[PDB]
């Protein structure tokens, strides 16, 4: 069986990524405006998406290509600062480039994906504390 420690997987469609400058630890509302922004830039581009598997666990975030299963993205949970589900859309913001990097996905499991990452967050932050 696979738990959140091993890593669990969700089907999702990568839509593209964007960037931004943000304070270190912003308030939640400003952090939602960031996500909403990434989604905006993504959509404008889609008017003016090949399948993937989302790998979530307490140790890292991975994106494998639904077909080949080749690792397309792998990020240490440490580098992931915020995650949000906007409708069926998922926004994953990371560090390194302050400049932040946002990957945007689309999924019927967007709500479950966020839940899963937040719980991953909890597990990793308490480990860190004790």
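Positions refer to the first chain, counted from 1.
Missing coordinates between residue 48 and residue 49 amount to 10 or more residues of the deposited sequence. According to the entry, the deposited sequence runs straight from residue 28 to residue 29 with no unmodelled residues in between. For the pair 39-47 and 73-81, the record assigns the higher mean C-alpha temperature factor to 39-47. Legend: mean Cα B-factor per stretch from the PDB entry, 105-113 versus 20-28; the higher mean is in 20-28. Across 100, 92, 33, 86, the entry's maximum B-factor at the CA atom is seen for 100. In the deposited entry, the Cα temperature factor of residue 8 sits in the middle third of values across the chain's modelled residues.
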